[PDB]
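Let me begin by presenting the structure, written as structure tokens, before commenting on it.
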Amino acid sequence: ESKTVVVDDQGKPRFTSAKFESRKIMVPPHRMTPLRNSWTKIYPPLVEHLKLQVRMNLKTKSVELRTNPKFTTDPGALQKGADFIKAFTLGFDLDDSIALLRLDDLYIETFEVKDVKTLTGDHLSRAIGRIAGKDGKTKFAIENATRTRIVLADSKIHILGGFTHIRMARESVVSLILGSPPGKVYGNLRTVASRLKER
Amino acid sequence: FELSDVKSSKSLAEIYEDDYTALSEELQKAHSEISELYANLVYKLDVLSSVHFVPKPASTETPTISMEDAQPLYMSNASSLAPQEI
Amino acid sequence: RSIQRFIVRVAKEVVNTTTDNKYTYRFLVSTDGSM
Amino acid sequence: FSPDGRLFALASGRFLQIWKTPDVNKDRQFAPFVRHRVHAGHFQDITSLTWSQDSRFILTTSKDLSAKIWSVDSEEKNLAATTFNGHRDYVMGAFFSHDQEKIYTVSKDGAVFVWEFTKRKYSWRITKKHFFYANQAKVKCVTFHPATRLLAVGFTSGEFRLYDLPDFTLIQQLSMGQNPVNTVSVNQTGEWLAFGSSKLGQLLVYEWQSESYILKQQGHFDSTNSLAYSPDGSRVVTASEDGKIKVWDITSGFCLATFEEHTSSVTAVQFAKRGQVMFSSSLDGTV
Amino acid sequence: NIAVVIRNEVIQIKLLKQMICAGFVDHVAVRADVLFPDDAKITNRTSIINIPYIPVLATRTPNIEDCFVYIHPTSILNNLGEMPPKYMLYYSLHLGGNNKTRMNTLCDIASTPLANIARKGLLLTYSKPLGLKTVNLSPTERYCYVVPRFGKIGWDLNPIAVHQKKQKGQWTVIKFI
Amino acid sequence: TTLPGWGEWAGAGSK
Amino acid sequence: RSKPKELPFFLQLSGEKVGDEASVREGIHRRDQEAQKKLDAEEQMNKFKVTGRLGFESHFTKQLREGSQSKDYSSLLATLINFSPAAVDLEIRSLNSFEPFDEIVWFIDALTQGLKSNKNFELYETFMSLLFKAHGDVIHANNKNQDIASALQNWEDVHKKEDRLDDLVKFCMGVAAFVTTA
């Protein structure tokens, strides 16, 4: 640009006109085994629709995601991919973690049986069998009702979905932990599913 | 209604896209199938109890033309409407 | 029967068209121009 | 009929009969029917026949996957009395071009093979291939107008497709119903097209230019059970076994309308002493 | 403008000649078979003459509408032959020796940039559209297949699909297809 | 069975 | 009554479909359809793209102008009689309504001359009625113009000449009804 002033009328001058960001996420080996098993379908939703550089240090058991400034100008995408890998590593399935990528209002809540009501040993065992139900039937009922997804660890219980959805699922599973019979659980279940289907 | 305790066939994205998009299609197809079956069975009984010849009833996308008109095809809707009823 | 049918078959319709022509004329002529 | 009118071709069985014509201004004779030629180079039934623009060349399309060019004379028979094979399931039709250099054979498969008298001492190279794309709908009835290069293919699913041939463009594609299109006919000027299908006895004549259904009529399925003249006579009502009540004008002897609210057969149909009202008594248990 | 001081700086021949046509309206002409093309490659050697037989037109100057003219000798297209285009716009006509009307300098042109430039102008009188389909979205708007004329007799052009709107009681045009 | 990922940076920018 | 009858990756859901009733209590496609309509019109214009040369002046308007300079539209009346009703409808819908109103003026001159010819009077009246159907709004807009005023004056002259047929058919119809009743 050359430099020269143009003096307009009333003496007025006249001119003429003239960063990566990364995140790291660990993975446990029991979760790394299906990660290695189904790694192939993990990156195609993100590297193509979010344009996020991926690396995975099996030396460090972690995954790295880098936003390039010219290739990507999208603020929440690295964060969304972080939520995606967090959900999967927490134990949720690939399609529901992708569902979390599709939406932005999908939220996770985890909690513990000792946080709600501490129980011991075989009491905890019978309680886990109760909250599971016969062959996860009750868990499926909860998931279908609240439209939520549940992950049942030893004590960590993870619930993915909408805010009030996981709220309702939390109230239900708190009832199960405290000792609710599954029939009255089913009664309240079709009640809450009735109002949620009516809305 | 009643819930199901089997694994959900669809994921969260699938049910949410379904919701993001007739009483039911199942009741519609059921009504359709039992209607065709009733047509065929009434046809069979007419065959067995008919003195006179009765052929088959019928045979059981894209722009499609309706041959039979239940109207003279050149009458306006406002013309066929009665003034009292408007 | 045949005769009065012929009246209502064609003559009535022709006369309807005649009367509508005259009345449409009278309205379009007698009414004030817009603007 | 021949385009010159002195003779005709006849796909009767697997043979091609060719018979000459007596005269109409002549007085009545005893045996005026006169035979001209018999062509027997087929192995199955000749399913279609095609005259050329001149009255010399004949295309006998046959279930043998064959399309034989015959001629009504020995010299042009020696010129082109050829065969056409290399085809899908059956050949449905074969047609001459307007410059008559190209031959178009439409398959039951939906495959149009365009031969053309081009070079590789050279005879009937398959110049182009065009394809209809239907799941189960196969072509039942074909009509090709040459001077306006148009094609009409009515299928087994009511679907008739209308194309321009040299560019192979689908001008349009519509459906009469769920029943197969049986026969198509096309105007000399080509504006008008007729699609008659016998499964319900319906028939539609149409103009593609202004896009105007000249008629879209259909007869009764089973039988005209009941009759009703009009108090003047201008209309006549027919009712059938179906509960289809078809009302017609008599001046233009046309089905004006119908009604299908009765489900069973309408047993009787009546009027009053006034041309306004109609009555339909049925076996439904209602009138 | 950037950098307030003033400086000067295959080139698109179609848009280039369309700009030249926008400048050189209205002095149009169109060549005529058969004394113009390759039929006139007889008989002399080392300098062939394809006899220039080109009807010249302008409706805004109806004195020269539908006249016969001839290519100027000083131009490089002097008695040349076998040319792609059909019409030519010229700078200025003048009468010289042999009482011969000659065009001064020329730009070659065809139907679509002719129609574009006349449409931005005024002379392009349209016909009614046409068994071909004409859509009508509104009382105002339509797309349609219209053949317009360039013109006291003008010449037509290609049948062009055109998006025209009805307003002012006329079917004024909006865009081309 | 060549896996972008574990080996080096698997991204839209480069590799 | 004859025209024939007949996904995003990052989905977009709202705070009621998802569970954000907080945002619900704090709550705060036809354009794409119009764009798609323009697009399919563009697809029609791009599909049918024949390059066969056709003339500028149609035969209907040409014969009309010829009968206009002739001051006798007998040939035009002949070809209008011989027209298909589709041709009649398309041409009368496509008359030109411009500020001199030349085409419509000579149209009504022709229709007046045709009623003076007295043949096919029902059809000439349907011609005028379809003219008032299509170009009736513009003729009412330019009503009180002198040329068209004199012309419609002549039209109504012929009409008040013809009224006797209405009179007589009212007569014979009513009296035939009286005889057939009593």
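With ideal geometry, Cβ positions are generated from the backbone for all residues, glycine too; neighbour counts draw on all protein chains shown. Just so it is clear, none of the values below were taken in a lab; they were calculated from the coordinates.
Summary of values
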| item | result |
| --- | --- |
| Greater than 23 Å apart at Cα, pairs in A:51/B:7; A:134/A:156; E:152/G:62; D:138/G:47; A:51/G:17; E:175/G:62 | A:51/B:7; D:138/G:47; A:51/G:17; E:175/G:62 |
| Exposure proxy ranking, count of Cβ atoms within 10 Å, fewest first, for C:18, D:60, B:64 | B:64, C:18, D:60 |
| Largest to smallest principal axis extent of the C-alpha atoms in region D:126-282, angstrom | 69, 32, 17 |
| Rounded to the nearest 20 debye, dipole of the protein assembly as shown from Cβ charges on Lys, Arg, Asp, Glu | 2460 debye |
| Inverse mean reciprocal Cα-Cα distance (Kirkwood Rh) of region A:19-102, Å | 12.9 Å |
| Per-residue Cβ neighbour rank within 10 angstrom, fewest leading, B:19, G:109 | B:19, G:109 |
| Nearest-0.05 FRET efficiency for residue B:4 and residue B:82, computed from C-beta distance (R0 35 Å) | 0.10 |
| Region D:153-191: chymotrypsin sites (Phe, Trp or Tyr not before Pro) falling in loop per DSSP and having at most 15 other Cβ within 10 Å | D:168 |
| Region A:103-199: proportion of alpha-carbon pairs further apart than 22 angstrom, % | 24 percent |
| Mean projected area (nm²) of the alpha-carbon convex hull when region G:1-93 is viewed from all directions | 13.9 nm² |
| Ranked E:141, A:143, E:9, criterion: other C-beta atoms within 10 Å, fewest first | E:9, E:141, A:143 |
| In region G:83-132, trypsin sites (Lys or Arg not before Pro) in a DSSP loop with at most 13 other beta-carbon atoms within 10 Å | G:119 |
| Inter-label distance for residue D:35 and residue G:144, nm, one decimal - labels placed 7 Å from Cα along Cα-to-Cβ | 8.9 nm |
| Calculated FRET efficiency for the pair residue A:105/residue D:74, C-beta based, R₀ 60 Å, to 0.05 | 0.10 |
| Cut-off 12 Å between beta-carbons: net charge of the residues surrounding residue D:191, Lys and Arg +1, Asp and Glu -1 | -2 |
| Gyration tensor (alpha-carbon) shape descriptor, chain A, a/c threshold 1.5 | prolate |
| Pairwise FRET efficiency - residue G:166 versus residue D:188, Cβ, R0 = 45 Å, nearest 0.05 | 0.55 |
| Region A:102-157: C-alpha gyration tensor shape, a/c 1.5 cut-off, then a/b vs b/c | oblate |
| Virtual spin-label span in nm between residue D:43 and residue D:271, 7 Å along Cα→Cβ | 6.4 nm |
| Diffusion constant of region D:1-110 at 37 °C, which comes from Stokes-Einstein with the Kirkwood Cα-pair radius and 0.692 mPa s, µm²/s | 226 µm²/s |
| Pairwise Cα inverse-distance average, inverted: Kirkwood Rh of region D:159-207 (Å) | 11.6 Å |
| Cα-based shape type of chain D, given that a ≥ b ≥ c are square roots of the gyration tensor eigenvalues and the cut on a/c is 1.5 | prolate |
| Inter-label distance for residue E:94 and residue B:44, nm, one decimal - labels placed 7 Å from Cα along Cα-to-Cβ | 10.1 nm |
| Kirkwood-type radius of the protein assembly as shown, with distances r between different C-alpha atoms, in Å | 38.6 Å |
